[PDB]
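First comes the structure, then the notes that go with it.
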Amino acid sequence: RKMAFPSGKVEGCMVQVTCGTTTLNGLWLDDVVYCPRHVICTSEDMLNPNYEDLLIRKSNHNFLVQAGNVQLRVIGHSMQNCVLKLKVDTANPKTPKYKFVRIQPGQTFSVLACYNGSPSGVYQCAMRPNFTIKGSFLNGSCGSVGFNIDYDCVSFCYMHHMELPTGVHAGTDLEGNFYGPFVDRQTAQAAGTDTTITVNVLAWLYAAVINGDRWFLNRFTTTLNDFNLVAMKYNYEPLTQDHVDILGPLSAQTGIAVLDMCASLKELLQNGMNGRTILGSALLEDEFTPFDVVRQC
Amino acid sequence: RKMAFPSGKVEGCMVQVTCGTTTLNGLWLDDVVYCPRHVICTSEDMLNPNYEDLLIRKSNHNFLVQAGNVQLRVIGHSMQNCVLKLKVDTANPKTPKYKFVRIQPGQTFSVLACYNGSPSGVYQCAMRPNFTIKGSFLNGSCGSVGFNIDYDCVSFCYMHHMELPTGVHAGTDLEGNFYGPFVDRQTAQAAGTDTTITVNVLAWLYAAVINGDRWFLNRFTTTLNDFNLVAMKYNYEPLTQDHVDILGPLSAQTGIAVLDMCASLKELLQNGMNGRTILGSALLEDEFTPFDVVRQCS
Ligand SMILES: *[C@@H](O)[C@H](C[C@@H]1CCNC1=O)NC(=O)[C@H](CC(C)C)NC(=O)OCc1ccc(F)cc1
Ligand SMILES: *[C@@H](O)[C@H](C[C@@H]1CCNC1=O)NC(=O)[C@H](CC(C)C)NC(=O)OCc1ccc(F)cc1
């Protein structure tokens, strides 16, 4: 199943940020609160916001930051790309060991969806090849963050900013740079054509085998380049030699050569699933990485 | 999508409990630690244990309870059904508001999977009609708990004890009473044939309607009894009065009476999808409860 990281270390950092009649979430680390800069916009601003111009016209006291029942006093602010950094007069004692990372398409992360500074749910997402994410975000979710946890260190990789007309989601890293060609303005934006994350589909097929499910296997094989020709035809991402190497552990554990699983996936792409299902799904799942599969197995 | 509750309030309650070399997880609330009673078993005792006899040989000082590397001194112990309650000399300062609840089949909950008292991941589970769950549990996961969070309050509903031959999982409520006919012995045990969670399929159809996907709404209705008799022929659960009631909010939100939706579902069962989809799927989903549908749509 899709397993998220335990969210407690991130919950202790969520706060509420209000400017005017706009409220969203902020991430409170040490004495800084990070949040989406469009909190400073009104309606007459969202269509074409000149953020530097809007920001210079704001005072520290226009920002209401609430951590539970407590107001944190903003004593300074600055903007880094699409993120606002509010300096507050109080250190968060719950700040975890952390770093800010920019993730690559195909990598996964956990999302802590929050509303009014309060955590609501946690779930696992992948950065799509077209740099959207298929999230579950509603009004007021902006400033919710995505993260991974290694040992006790939280690597923040995503802050939420918007929902596209197709229902997928877009946002930034914690330096405020969008993933993808998107802009924080209230305009309908389309993404590039999405593709399926092939290395993840293969990891998920190896997972279905580990759990004693192998109806889709076959006795055939393929070269890497011939597989990639078929993959690209079906709008799957190409498989690199690093992907093959990354899949080694799963190949060893199951005794199925990577290119043999590529031949299985080729058959599935060309034949369909013919009503059958894999690990419960009627569709090929591509939001489990090799590491995700390995860890959980 | 399956969305778990934020796990932090439960992370703050996880500890490890060791007897000899047998280690599993425990739940520390106020000054009591709750854990599976088979921690007192040697791997060879698990084949068929006499729990009462094993416990009589135990004393407080035989239990190693640790929050991380910090030992919690045990000052009393008792067995309640299949759980051990270890009184400790420190009240957990991170104890949330909580209650212990026994859930019904079809209800969902979040599982915080733990190993050696350390949380590894959180995911949403549904209690199947045969009283198993499709967990992702490895050796050392026993004592991991399932829960829901309402307002300030953590409702603990599941504690993990065992894996069945088919790979599904079985466990107890926090009073130590197993869900289903299972016992905590290392013997071969089988789950009843499973069935589809009708109330959750209906919730899913309501969610489809809320999203404007409503081709399957027909002009008919049915009685609850007639629907239950048909549904069982398709390996669907019969509905209870409680199921009808928990669909109330979604029925009010859409204006579609519960029994009309039942008639729509009956047609889908009898005639199939005819190649159509619902919410972008030809399969009817049965692991989203009426509450889950509301949680996500709002
Ligand atoms: C958080 O403030 C919010 C989250 C959105 C709301 C619903 N689901 C979400 O993920 N963000 C926005 O509302 C965002 C703000 C702008 C300034 C970046 N815009 C948005 O979500 O809508 C984009 C959009 C604009 C015009 C249009 F025609 C279609 C879509
Ligand atoms: C926790 O102690 C453990 C959880 C099991 C182990 C593997 N995956 C799980 O979910 N419980 C047991 O091992 C349990 C103890 C007895 C007293 C009930 N016995 C059990 O579940 O045996 C089945 C089993 C299957 C696979 C496997 F690898 C190990 C055991």
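Order of the sequence lines sets the chain letters (A, B, ...), proteins ahead of strands, with each chain counted from 1. In listed order, ligands and their atoms are each counted from 1.
Side-chain contact check for B:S110 and B:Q124: at least one donor-acceptor pair (N or O, by modelled atom type) lies under 3.5 Å.
Screening residues 165-182 of chain B for salt bridge (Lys or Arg N to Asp or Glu O under 4.0 Å) gives B:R102-B:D173 as the qualifying pairs, with residues at least two apart or on separate chains.
Atom 6 (C) of ligand 2 has its nearest heavy-atom neighbour, among B:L164, B:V183, B:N139, in B:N139. Of the candidates B:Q189, B:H161, B:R37, B:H161 brings a heavy atom nearest to atom 14 (C) of ligand 2.
Against a heavy-atom cut-off of under 4.0 Å, B:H169 is close to the following atoms of ligand 2: 10 (O). For ligand 2 and B:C142, the ligand atoms under 4.0 Å from any heavy atom of the residue are 1 (C), 2 (O), 3 (C), 4 (C), 11 (N). Interface of B:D184 with ligand 2, defined as ligand atoms under 4.0 Å from a residue heavy atom, comprises 17 (C), 18 (C).
One finds a salt bridge joining A:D286 and A:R128 here, because a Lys/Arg side-chain nitrogen approaches an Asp/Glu carboxylate oxygen to under 4.0 Å. A salt bridge does not link A:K134 with A:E287: none of the charged nitrogens is closer than 4.0 Å to a carboxylate oxygen.
Side-chain contact check for B:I210 versus B:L250: some heavy-atom pair is nearer than 4.5 Å.
The ring pair (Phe, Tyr, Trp, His ring centres under 6.0 Å) test with B:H160 singles out one residue from B:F178, B:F109, B:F137, and that residue is B:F137.
Within the 4.0 Å heavy-atom criterion, the part of A:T187 lying near ligand 1 is the backbone and not the side chain. Of the heavy atoms in B:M162, both backbone and side-chain atoms come closer than 4.0 Å to ligand 2. At a heavy-atom distance under 4.0 Å, only backbone atoms of A:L138 (N, CA, C or O) approach ligand 1. The proximity of B:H160 to ligand 2, defined as any non-hydrogen pair under 4.0 Å, is limited to the side chain. The parts of A:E163 lying near ligand 1 are both backbone and side chain, judged by heavy-atom distances below 4.0 Å.
A search for side chain to side chain donor-acceptor pair (under 3.5 Å) contacts involving B:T172 returns B:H161, not counting sequence neighbours.
Centroid-to-centroid, the aromatic rings of A:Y34 and A:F100 come within less than 6.0 Å.
At least one N or O atom of A:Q186 sits closer than 3.5 Å to an N or O atom of ligand 1. For ligand 1, the polar-atom distance check against A:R185 finds no nitrogen or oxygen pair separated by under 3.5 Å.
Between B:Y179 and B:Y158, the angle of the ring planes stays under 30°, which puts this pair in the parallel group of the 30/60° scheme.
Within the 4.0 Å heavy-atom cutoff, B:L24 does not count among the residues contacting ligand 2.
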